[PDB]
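Participant: Input structure: protein_19.txt, which contains compact mmCIF, C-alpha atoms (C1' of nucleotides).
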```txt
# COMPACT_ATOMS: atom_id res chain seq x y z
CA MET A 1 13.18 -26.89 -95.30
CA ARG A 2 10.69 -29.72 -94.92
CA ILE A 3 8.63 -30.90 -97.92
CA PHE A 4 4.85 -31.11 -97.38
CA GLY A 5 1.97 -31.69 -99.78
CA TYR A 6 -1.79 -31.19 -99.92
CA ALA A 7 -4.72 -32.51 -101.91
CA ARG A 8 -8.47 -32.04 -101.71
CA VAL A 9 -11.56 -33.38 -103.37
CA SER A 10 -15.30 -32.86 -102.94
CA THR A 11 -16.35 -36.49 -103.15
CA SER A 12 -14.13 -38.82 -105.18
CA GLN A 13 -11.58 -41.19 -103.62
CA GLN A 14 -9.87 -42.27 -106.90
CA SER A 15 -8.72 -38.71 -107.80
CA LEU A 16 -7.43 -38.43 -104.24
CA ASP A 17 -5.05 -41.31 -105.04
CA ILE A 18 -3.78 -39.82 -108.32
CA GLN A 19 -2.84 -36.62 -106.45
CA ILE A 20 -1.04 -38.57 -103.70
CA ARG A 21 0.62 -40.73 -106.38
CA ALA A 22 1.85 -37.63 -108.21
CA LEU A 23 3.04 -36.09 -104.92
CA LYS A 24 5.08 -39.09 -103.76
CA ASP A 25 6.52 -39.26 -107.27
CA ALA A 26 7.59 -35.68 -106.51
CA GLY A 27 9.75 -36.92 -103.63
CA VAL A 28 7.21 -36.24 -100.91
CA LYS A 29 7.46 -38.57 -97.92
CA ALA A 30 4.24 -40.42 -97.07
CA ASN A 31 4.02 -38.87 -93.57
CA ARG A 32 4.40 -35.34 -95.02
CA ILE A 33 1.04 -35.30 -96.91
CA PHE A 34 -2.45 -34.06 -95.82
CA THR A 35 -5.89 -34.38 -97.42
CA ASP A 36 -9.60 -33.36 -97.24
CA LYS A 37 -13.09 -34.51 -98.36
CA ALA A 38 -16.84 -33.79 -98.06
CA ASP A 44 -14.34 -31.10 -92.85
CA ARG A 45 -11.32 -28.88 -93.69
CA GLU A 46 -9.52 -30.29 -90.65
CA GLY A 47 -6.30 -31.57 -92.31
CA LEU A 48 -5.58 -28.23 -93.93
CA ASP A 49 -5.79 -26.68 -90.46
CA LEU A 50 -3.33 -29.28 -89.23
CA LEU A 51 -1.06 -28.15 -92.04
CA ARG A 52 -1.51 -24.49 -91.02
CA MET A 53 -0.21 -25.59 -87.59
CA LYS A 54 2.82 -27.63 -88.69
CA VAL A 55 4.43 -25.35 -91.21
CA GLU A 56 7.38 -23.28 -90.05
CA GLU A 57 8.98 -20.44 -91.99
CA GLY A 58 10.96 -21.72 -94.98
CA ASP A 59 8.96 -24.94 -95.36
CA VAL A 60 7.44 -25.62 -98.81
CA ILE A 61 4.13 -27.26 -99.84
CA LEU A 62 3.31 -29.00 -103.16
CA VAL A 63 -0.18 -29.17 -104.73
CA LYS A 64 -1.36 -30.77 -107.99
CA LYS A 65 -3.51 -27.95 -109.33
CA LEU A 66 -4.80 -24.66 -107.98
CA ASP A 67 -8.40 -25.91 -107.97
CA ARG A 68 -7.43 -28.46 -105.31
CA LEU A 69 -6.47 -25.79 -102.75
CA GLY A 70 -9.16 -23.40 -101.51
CA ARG A 71 -12.86 -24.09 -101.98
CA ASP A 72 -12.98 -21.09 -104.38
CA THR A 73 -10.78 -18.57 -106.24
CA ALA A 74 -10.96 -16.22 -103.28
CA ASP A 75 -10.27 -18.73 -100.48
CA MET A 76 -7.41 -20.18 -102.51
CA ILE A 77 -5.70 -16.79 -102.63
CA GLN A 78 -6.47 -16.23 -98.97
CA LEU A 79 -4.64 -19.36 -97.94
CA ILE A 80 -1.59 -18.59 -100.07
CA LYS A 81 -1.37 -15.05 -98.71
CA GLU A 82 -1.63 -16.62 -95.20
CA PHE A 83 1.32 -18.87 -96.07
CA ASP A 84 3.59 -16.23 -97.63
CA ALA A 85 2.78 -14.17 -94.55
CA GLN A 86 4.63 -16.84 -92.60
CA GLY A 87 7.54 -16.95 -95.03
CA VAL A 88 6.15 -20.25 -96.37
CA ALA A 89 6.26 -20.91 -100.11
CA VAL A 90 3.84 -22.98 -102.26
CA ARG A 91 4.53 -24.76 -105.54
CA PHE A 92 1.86 -26.06 -107.92
CA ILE A 93 2.88 -29.02 -110.07
CA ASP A 94 0.64 -29.38 -113.13
CA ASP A 95 0.60 -25.62 -113.89
CA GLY A 96 4.24 -25.13 -112.81
CA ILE A 97 4.14 -22.18 -110.41
CA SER A 98 6.04 -21.06 -107.28
CA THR A 99 5.51 -18.37 -104.60
CA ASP A 100 9.28 -18.41 -104.04
CA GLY A 101 12.47 -17.78 -105.99
CA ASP A 102 12.39 -14.94 -108.48
CA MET A 103 8.78 -15.07 -109.61
CA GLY A 104 7.97 -15.67 -105.96
CA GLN A 105 7.10 -12.00 -105.54
CA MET A 106 5.81 -11.65 -109.07
CA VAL A 107 3.30 -14.38 -108.27
CA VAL A 108 1.71 -13.04 -105.09
CA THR A 109 1.86 -9.42 -106.24
CA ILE A 110 -0.80 -10.50 -108.69
CA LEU A 111 -3.12 -12.88 -106.88
CA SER A 112 -3.51 -9.98 -104.49
CA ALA A 113 -4.81 -7.61 -107.15
CA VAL A 114 -7.19 -10.24 -108.42
CA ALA A 115 -8.96 -10.83 -105.13
CA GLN A 116 -9.05 -7.11 -104.37
CA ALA A 117 -10.25 -6.45 -107.88
CA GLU A 118 -13.21 -8.80 -107.77
CA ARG A 119 -13.95 -7.46 -104.28
CA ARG A 120 -14.01 -3.97 -105.75
CA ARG A 121 -16.40 -5.27 -108.43
CA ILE A 122 -19.13 -6.12 -105.90
CA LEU A 123 -18.85 -2.69 -104.39
CA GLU A 124 -18.70 -1.23 -107.92
CA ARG A 125 -22.18 0.13 -107.42
CA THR A 126 -21.65 1.34 -103.86
CA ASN A 127 -18.26 3.09 -104.11
CA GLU A 128 -19.54 4.79 -107.25
CA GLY A 129 -22.69 6.00 -105.56
CA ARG A 130 -20.21 7.52 -103.18
CA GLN A 131 -18.17 9.45 -105.78
CA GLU A 132 -21.45 11.02 -106.89
CA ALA A 133 -22.36 11.81 -103.30
CA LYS A 134 -19.01 13.58 -102.77
CA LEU A 135 -19.66 15.41 -106.00
CA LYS A 136 -22.98 16.57 -104.55
CA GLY A 137 -21.05 17.90 -101.58
CA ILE A 138 -22.15 15.50 -98.89
CA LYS A 139 -19.62 15.92 -96.09
CA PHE A 140 -17.46 12.91 -95.34
CA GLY A 141 -15.68 11.68 -92.30
CA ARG A 142 -16.58 12.12 -88.68
CA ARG A 143 -18.86 15.00 -87.62
CA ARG A 144 -17.40 18.00 -85.84
CA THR A 145 -17.97 17.53 -82.11
CA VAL A 146 -16.07 20.64 -80.97
CA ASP A 147 -17.24 24.23 -81.27
CA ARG A 148 -14.97 26.08 -83.63
CA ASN A 149 -16.40 29.41 -82.51
CA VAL A 150 -15.68 28.90 -78.77
CA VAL A 151 -12.07 28.15 -79.58
CA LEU A 152 -11.51 30.99 -82.09
CA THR A 153 -13.01 33.49 -79.66
CA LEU A 154 -10.82 32.47 -76.73
CA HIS A 155 -7.64 32.69 -78.87
CA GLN A 156 -8.80 36.10 -80.16
CA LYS A 157 -8.83 37.35 -76.57
CA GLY A 158 -5.30 36.04 -76.11
CA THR A 159 -6.11 32.89 -74.18
CA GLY A 160 -3.46 30.22 -74.75
CA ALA A 161 -3.44 26.74 -76.25
CA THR A 162 -2.82 24.53 -73.18
CA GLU A 163 -5.51 26.30 -71.19
CA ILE A 164 -8.14 26.21 -73.92
CA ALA A 165 -7.20 22.53 -73.98
CA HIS A 166 -8.21 22.11 -70.30
CA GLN A 167 -11.22 24.44 -70.48
CA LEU A 168 -13.09 22.46 -73.14
CA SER A 169 -11.52 19.14 -72.14
CA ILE A 170 -10.08 18.47 -75.60
CA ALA A 171 -6.48 17.86 -76.68
CA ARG A 172 -4.05 20.73 -77.28
CA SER A 173 -2.89 19.53 -80.68
CA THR A 174 -6.53 19.80 -81.69
CA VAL A 175 -6.39 23.53 -80.99
CA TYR A 176 -3.40 24.09 -83.24
CA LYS A 177 -5.35 22.18 -85.84
CA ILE A 178 -8.56 24.19 -85.55
CA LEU A 179 -6.74 27.50 -85.88
CA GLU A 180 -4.64 26.30 -88.78
CA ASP A 181 -7.81 25.44 -90.70
CA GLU A 182 -9.70 28.72 -90.39
CA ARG A 183 -6.51 30.84 -90.65
CA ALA A 184 -5.91 28.96 -93.91
CA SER A 185 -9.47 29.78 -95.07
CA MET B 1 2.54 0.71 -132.21
CA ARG B 2 -0.59 2.46 -130.90
CA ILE B 3 -1.94 3.29 -127.47
CA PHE B 4 -5.65 2.81 -126.62
CA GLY B 5 -7.79 2.94 -123.53
CA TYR B 6 -10.96 1.50 -122.01
CA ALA B 7 -13.25 2.62 -119.17
CA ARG B 8 -16.27 0.97 -117.51
CA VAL B 9 -18.91 1.79 -114.89
CA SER B 10 -22.46 0.88 -113.93
CA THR B 11 -24.27 4.21 -113.70
CA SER B 12 -22.05 7.07 -112.54
CA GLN B 13 -20.68 9.50 -115.07
CA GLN B 14 -18.24 10.89 -112.53
CA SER B 15 -16.39 7.69 -111.81
CA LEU B 16 -16.16 7.29 -115.57
CA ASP B 17 -14.58 10.69 -116.27
CA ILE B 18 -12.18 9.97 -113.45
CA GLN B 19 -11.03 7.05 -115.55
CA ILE B 20 -11.04 9.03 -118.79
CA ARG B 21 -9.14 11.93 -117.28
CA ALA B 22 -6.59 9.44 -115.93
CA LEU B 23 -6.36 7.75 -119.34
CA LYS B 24 -5.74 11.09 -121.07
CA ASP B 25 -3.06 11.88 -118.47
CA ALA B 26 -1.53 8.54 -119.31
CA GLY B 27 -1.14 9.82 -122.86
CA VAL B 28 -4.07 8.29 -124.76
CA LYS B 29 -5.57 10.37 -127.55
CA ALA B 30 -9.23 11.29 -126.98
CA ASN B 31 -10.61 9.28 -129.95
CA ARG B 32 -8.69 6.17 -128.88
CA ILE B 33 -10.80 5.88 -125.69
CA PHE B 34 -13.86 3.59 -125.35
CA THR B 35 -16.46 3.23 -122.64
CA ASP B 36 -19.40 1.11 -121.42
CA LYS B 37 -22.10 1.16 -118.82
CA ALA B 38 -24.84 -1.24 -117.80
CA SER B 42 -28.70 -5.60 -120.75
CA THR B 43 -25.02 -6.21 -121.47
CA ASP B 44 -24.16 -3.18 -123.54
CA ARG B 45 -20.55 -3.98 -124.26
CA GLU B 46 -20.50 -1.86 -127.36
CA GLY B 47 -17.39 0.11 -126.43
CA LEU B 48 -15.33 -2.89 -125.52
CA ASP B 49 -16.39 -4.50 -128.81
CA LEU B 50 -15.50 -1.52 -130.97
CA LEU B 51 -12.12 -1.62 -129.39
CA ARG B 52 -11.84 -5.31 -130.09
CA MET B 53 -11.99 -4.42 -133.77
CA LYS B 54 -9.55 -1.55 -134.08
CA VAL B 55 -6.40 -2.81 -132.33
CA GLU B 56 -3.59 -4.25 -134.36
CA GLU B 57 -0.60 -6.35 -133.43
CA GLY B 58 1.74 -4.39 -131.22
CA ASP B 59 -0.83 -1.81 -130.19
CA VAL B 60 -1.43 -1.49 -126.45
CA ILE B 61 -4.48 -0.82 -124.24
CA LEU B 62 -4.59 1.07 -120.95
CA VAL B 63 -7.14 0.37 -118.19
CA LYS B 64 -7.08 2.18 -114.82
CA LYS B 65 -7.67 -0.87 -112.58
CA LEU B 66 -8.27 -4.57 -113.17
CA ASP B 67 -11.80 -4.40 -111.83
CA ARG B 68 -12.67 -2.16 -114.77
CA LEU B 69 -12.17 -4.80 -117.47
CA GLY B 70 -14.45 -7.87 -117.14
CA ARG B 71 -17.88 -8.33 -115.59
CA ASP B 72 -16.13 -10.94 -113.47
CA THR B 73 -12.86 -12.77 -112.94
CA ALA B 74 -13.51 -14.95 -115.96
CA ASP B 75 -14.59 -12.29 -118.45
CA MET B 76 -11.51 -10.40 -117.43
CA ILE B 77 -9.03 -13.26 -118.05
CA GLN B 78 -10.89 -14.45 -121.16
CA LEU B 79 -10.38 -11.05 -122.72
CA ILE B 80 -6.71 -10.82 -121.96
CA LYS B 81 -5.76 -14.18 -123.48
CA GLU B 82 -7.71 -12.95 -126.53
CA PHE B 83 -5.57 -9.82 -126.70
CA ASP B 84 -2.29 -11.62 -126.00
CA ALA B 85 -3.30 -13.92 -128.87
CA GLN B 86 -3.24 -10.93 -131.20
CA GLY B 87 0.06 -9.57 -129.92
CA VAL B 88 -2.10 -6.93 -128.28
CA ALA B 89 -0.80 -5.88 -124.91
CA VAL B 90 -2.90 -4.68 -121.95
CA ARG B 91 -1.47 -2.52 -119.17
CA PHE B 92 -3.17 -1.54 -115.91
CA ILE B 93 -2.09 1.79 -114.47
CA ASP B 94 -2.90 1.83 -110.80
CA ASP B 95 -1.96 -1.80 -110.19
CA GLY B 96 1.25 -1.55 -112.19
CA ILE B 97 0.74 -4.71 -114.26
CA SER B 98 1.40 -5.41 -117.91
CA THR B 99 1.14 -8.47 -120.20
CA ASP B 100 4.34 -7.37 -121.92
CA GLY B 101 7.86 -6.37 -121.04
CA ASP B 102 9.66 -8.84 -118.80
CA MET B 103 7.25 -10.31 -116.34
CA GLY B 104 4.53 -9.86 -119.00
CA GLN B 105 4.54 -13.58 -119.85
CA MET B 106 4.68 -14.68 -116.22
CA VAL B 107 1.56 -12.53 -115.96
CA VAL B 108 -0.50 -14.25 -118.65
CA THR B 109 0.93 -17.67 -117.84
CA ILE B 110 -0.58 -17.73 -114.35
CA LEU B 111 -3.89 -16.07 -115.32
CA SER B 112 -4.31 -19.04 -117.65
CA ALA B 113 -3.89 -21.23 -114.59
CA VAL B 114 -6.74 -19.73 -112.53
CA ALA B 115 -9.20 -19.69 -115.41
CA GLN B 116 -8.50 -23.37 -115.93
CA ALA B 117 -8.38 -23.79 -112.16
CA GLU B 118 -11.76 -22.09 -111.69
CA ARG B 119 -13.17 -23.53 -114.93
CA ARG B 120 -12.49 -26.73 -113.07
CA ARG B 121 -14.27 -25.42 -109.95
CA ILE B 122 -17.35 -24.51 -112.00
CA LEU B 123 -17.48 -28.11 -113.17
CA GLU B 124 -17.32 -29.39 -109.52
CA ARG B 125 -20.39 -27.44 -108.35
CA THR B 126 -22.40 -28.24 -111.48
CA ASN B 127 -22.45 -31.99 -110.90
CA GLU B 128 -23.73 -31.70 -107.27
CA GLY B 129 -25.43 -28.29 -107.42
CA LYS B 136 -20.21 -13.59 -103.15
CA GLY B 137 -17.88 -14.33 -100.23
CA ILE B 138 -18.44 -10.98 -98.57
CA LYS B 139 -20.94 -11.23 -95.77
CA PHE B 140 -23.52 -8.50 -95.66
CA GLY B 141 -26.40 -7.29 -93.60
CA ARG B 142 -27.58 -7.40 -90.01
CA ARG B 143 -26.35 -10.24 -87.78
CA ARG B 144 -28.73 -12.76 -86.30
CA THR B 145 -29.37 -11.59 -82.79
CA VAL B 146 -32.08 -14.24 -82.40
CA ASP B 147 -31.38 -17.84 -81.46
CA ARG B 148 -33.19 -19.98 -84.00
CA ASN B 149 -32.82 -23.21 -82.08
CA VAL B 150 -34.98 -21.66 -79.32
CA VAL B 151 -37.89 -20.70 -81.57
CA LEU B 152 -37.85 -24.09 -83.33
CA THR B 153 -38.10 -26.17 -80.19
CA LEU B 154 -40.90 -24.09 -78.63
CA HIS B 155 -43.20 -24.17 -81.69
CA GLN B 156 -42.22 -27.83 -82.01
CA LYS B 157 -43.63 -28.35 -78.49
CA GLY B 158 -46.93 -26.70 -79.43
CA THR B 159 -46.20 -23.24 -78.09
CA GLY B 160 -48.37 -20.75 -79.97
CA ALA B 161 -46.96 -17.94 -82.09
CA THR B 162 -47.72 -15.10 -79.62
CA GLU B 163 -46.49 -17.00 -76.52
CA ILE B 164 -42.97 -17.28 -77.96
CA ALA B 165 -42.97 -13.66 -79.16
CA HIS B 166 -43.67 -12.41 -75.64
CA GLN B 167 -41.23 -14.90 -74.13
CA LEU B 168 -38.18 -13.81 -76.13
CA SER B 169 -39.28 -10.18 -76.57
CA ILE B 170 -39.31 -10.49 -80.34
CA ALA B 171 -42.17 -9.54 -82.63
CA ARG B 172 -44.65 -12.24 -83.61
CA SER B 173 -44.07 -11.70 -87.35
CA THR B 174 -40.41 -12.57 -86.82
CA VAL B 175 -41.56 -15.83 -85.32
CA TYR B 176 -43.13 -16.82 -88.64
CA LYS B 177 -40.12 -15.74 -90.68
CA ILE B 178 -37.90 -17.95 -88.54
CA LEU B 179 -40.31 -20.82 -89.19
CA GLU B 180 -40.61 -20.31 -92.97
CA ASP B 181 -36.86 -20.24 -93.40
CA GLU B 182 -36.24 -23.53 -91.61
CA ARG B 183 -39.10 -25.15 -93.53
CA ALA B 184 -37.80 -24.35 -97.02
CA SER B 185 -34.33 -25.56 -95.98
CA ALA B 186 -35.85 -28.94 -95.09
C1' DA C 1 -57.74 -12.47 -78.27
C1' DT C 2 -54.86 -14.99 -81.13
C1' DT C 3 -53.54 -16.85 -85.83
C1' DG C 4 -51.44 -16.94 -90.82
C1' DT C 5 -49.90 -14.31 -94.41
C1' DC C 6 -48.07 -10.64 -96.37
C1' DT C 7 -46.10 -5.92 -97.10
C1' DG C 8 -43.39 -1.87 -95.48
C1' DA C 9 -40.27 0.40 -92.45
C1' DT C 10 -36.07 0.06 -89.35
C1' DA C 11 -31.81 -1.40 -88.31
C1' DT C 12 -27.48 -3.03 -89.07
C1' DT C 13 -23.41 -4.64 -91.84
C1' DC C 14 -19.82 -4.62 -95.42
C1' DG C 15 -15.07 -2.28 -97.97
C1' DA C 16 -12.43 1.26 -99.15
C1' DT C 17 -11.93 5.76 -98.26
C1' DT C 18 -12.43 10.69 -96.25
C1' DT C 19 -12.56 13.77 -92.39
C1' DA C 20 -12.18 14.79 -86.91
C1' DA C 21 -10.08 14.40 -83.02
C1' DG C 22 -6.69 12.21 -79.86
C1' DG C 23 -1.73 11.50 -78.87
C1' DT C 24 3.38 11.51 -79.27
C1' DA C 25 7.75 13.62 -80.47
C1' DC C 26 10.96 17.39 -80.96
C1' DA C 27 13.09 21.73 -80.89
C1' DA D 1 5.90 24.47 -68.03
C1' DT D 2 4.13 26.43 -72.30
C1' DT D 3 4.67 27.13 -77.39
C1' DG D 4 4.58 25.73 -82.38
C1' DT D 5 4.89 22.09 -85.62
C1' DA D 6 5.07 17.65 -87.76
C1' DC D 7 3.42 13.29 -88.22
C1' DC D 8 0.99 8.82 -86.49
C1' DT D 9 -2.80 6.60 -84.48
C1' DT D 10 -7.66 6.12 -83.61
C1' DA D 11 -12.75 7.34 -84.18
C1' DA D 12 -16.64 8.09 -86.59
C1' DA D 13 -19.16 8.41 -90.96
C1' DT D 14 -19.60 8.04 -96.44
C1' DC D 15 -22.13 5.43 -100.41
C1' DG D 16 -25.69 1.31 -102.12
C1' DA D 17 -26.70 -3.64 -101.79
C1' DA D 18 -27.74 -7.21 -98.77
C1' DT D 19 -29.76 -9.35 -94.78
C1' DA D 20 -32.57 -9.39 -90.35
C1' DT D 21 -35.71 -7.69 -87.17
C1' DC D 22 -39.57 -4.92 -86.12
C1' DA D 23 -44.45 -3.17 -86.45
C1' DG D 24 -48.81 -3.70 -88.37
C1' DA D 25 -52.70 -4.60 -91.67
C1' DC D 26 -55.97 -7.57 -93.46
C1' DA D 27 -59.02 -11.66 -93.60
```
For the file at hand, write its structure as C-alpha cells.
Facilitator:
Amino acid sequence: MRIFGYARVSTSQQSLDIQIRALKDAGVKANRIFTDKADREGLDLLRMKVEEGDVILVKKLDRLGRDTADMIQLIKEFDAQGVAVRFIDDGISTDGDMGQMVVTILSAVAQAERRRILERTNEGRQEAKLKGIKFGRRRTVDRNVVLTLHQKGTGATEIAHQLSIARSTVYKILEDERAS
Amino acid sequence: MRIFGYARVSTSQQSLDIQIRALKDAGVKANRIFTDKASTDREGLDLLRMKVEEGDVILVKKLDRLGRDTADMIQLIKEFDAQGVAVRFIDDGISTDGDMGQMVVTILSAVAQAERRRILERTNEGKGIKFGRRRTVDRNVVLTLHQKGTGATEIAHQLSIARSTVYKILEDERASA
DNA sequence: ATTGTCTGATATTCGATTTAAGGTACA
DNA sequence: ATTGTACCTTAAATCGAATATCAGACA
C-alpha cells in the first residue's frame, strides 16, 4: 500500500513546485513522486513501479493525461491493475465505495465521444441495413451441394470430409433452410 | 413530476426512430419527445429547455446523443441539475438523481473544469482516433535523395513509387518547416 | 524526355456491430 | 465412430470520413 504521486505541466516550472508542495503536504514521501514537462518518460516509470493495491495522488485531472481521452485511458489502465487513483483539488477516488461508481462513468464518456465521431458512419450503416445490404462475411460454401447430398441420405461427417468443411457447419446449414 | 425525452442524429431518419421507439417504450408520451438534426439547428433541444419544470425528468438513449461534444453535453446537464431537472440515460444506466446521482454530476463538473483548463493550455502556445491508409513510403529516403539533387523521376523509378507522390512528399515536409 | 502543378481515382484504415464458418463439449 | 445439439471462438465484411498512394493531364 505504497503512496505515490504525479504531476505534469506543459512548460512552467513554478506550477510544478506548487503541485509537489501540495503532494508532500499530503504525506507523500519525496522519493515517491514523479513528474513530466515539454517526454512522458516519468509516467512510464510510474506505470512500471506500481503494484496492485498501491495508490497515486494527483492535484487536478488536467495534470494527468494530455487530453480528456488519454486521461481516462491511463486511469482505466491503472484500475485494470487493481491500482487506485485519488485527485486532491476535486476530491475524487477510484477506490472505496464510489471507486466503481467513478470508473463506470469515465468509461461511458470516452466511448460516448468515440461514438460521436462515428455518428455519421454508424448511422449510414443503419440506413444501409434498412436498404437490405447483407452484412457479415460472404457465404463461401455452396448451400445447394450440401442440401442435395443430405437429401440423398448422405451423412454429416462424410459431407464434412467431401467438401473439406467442418461438420458443425453442416448442422448449421440445414438448420437454416429447414427453418426457412 | 413529468417524464420527457430527447433524440438527436445527423441525417438518418432510421437511427432517429430507433431512439424515439425506445423512448416510447421507456414510457414517454409522444408529445413529450423532441428531436434535432444537423447550421446548428438545436430547435428541439431548446423547446425542451423551456417546458421542463422542477422535478420533471428527461430520458436520452445514450450519452452521445446529448451534446455536440463532451463540453456541450456536460454544460447542459449542470444547467438541468440547476433547475432540479433530472436527466437519465437508458442504455448506459446513468442518472443525475437517486443515490449516486450527485456523485454523477459532481465528477462531470470536474472534467469540464479539468478540460476547460486544458483548452486554456493549448490556447497560449497554439480527434484521437487514427484514420486512413498507413504510410508505406519512407519519407526520410525521398528527402535525402532530392536533397542530393536527384531528379523527380529518378527517385520514382528507384523506389517504385509514382512521380506525383514524390512531389506530395516534398510539399508536406516544406509546409511543416 | 523530364519537370511542376494540379485534379481524380484507388486503396486502405478505423469502431462497433452483424453474419459465416471453424471448433469444442456433451449426451 | 457417427449423430444431434448447444454454445464459444474466430474470420470476414458493413457503413462514411479520413488519410495516402497511384495514375495522368496540362502547360
Participant: One number please: atom CA of residue A:110 to atom CA of residue B:38, in Å, one decimal.
Facilitator: 27.3 Å
Participant: Select from chain B every residue with an atom at most 9 Å from any atom of chain C, then for each give the shortest pair of atoms and their distance in Å to one decimal, using all atoms listed in the file, rows by chain and rising number, as a Markdown table.
Facilitator:
```
| residue | atom | partner | partner_atom | distance |
| --- | --- | --- | --- | --- |
| B:138 | CA | C:14 | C1' | 7.2 |
| B:139 | CA | C:14 | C1' | 6.7 |
| B:140 | CA | C:14 | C1' | 5.4 |
| B:141 | CA | C:13 | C1' | 4.4 |
| B:142 | CA | C:12 | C1' | 4.5 |
| B:143 | CA | C:12 | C1' | 7.4 |
| B:160 | CA | C:3 | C1' | 8.7 |
| B:161 | CA | C:3 | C1' | 7.6 |
| B:162 | CA | C:2 | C1' | 7.3 |
| B:176 | CA | C:4 | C1' | 8.6 |
```
Participant: Quick one, how far is atom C1' of residue D:13 from atom CA of residue A:130?
Facilitator: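 A separation of 12.3 Å between them.
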Participant: Please report the interatomic distance between atom CA of residue B:32 and atom CA of residue B:101 in Å with one decimal.
Facilitator: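 Going from atom CA of residue B:32 over to atom CA of residue B:101 covers 22.2 Å.
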Participant: Write down, as JSON, numbers by chain, each residue of chain D that has any atom within 6 Å of an atom of chain B, counting all atoms listed in the file.
Facilitator: {"D": [18, 19, 20]}
Participant: Residues of chain A within 7 Å of chain C: nearest atom pair and distance (Å, one decimal) for each, counting all atoms listed in the file, sorted by chain and number, as JSON lines?
Facilitator:
```
{"residue": "A:140", "atom": "CA", "partner": "C:18", "partner_atom": "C1'", "distance": 5.6}
{"residue": "A:141", "atom": "CA", "partner": "C:19", "partner_atom": "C1'", "distance": 3.8}
{"residue": "A:142", "atom": "CA", "partner": "C:20", "partner_atom": "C1'", "distance": 5.4}
{"residue": "A:143", "atom": "CA", "partner": "C:20", "partner_atom": "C1'", "distance": 6.7}
{"residue": "A:144", "atom": "CA", "partner": "C:20", "partner_atom": "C1'", "distance": 6.2}
{"residue": "A:171", "atom": "CA", "partner": "C:22", "partner_atom": "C1'", "distance": 6.5}
{"residue": "A:174", "atom": "CA", "partner": "C:21", "partner_atom": "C1'", "distance": 6.6}
```
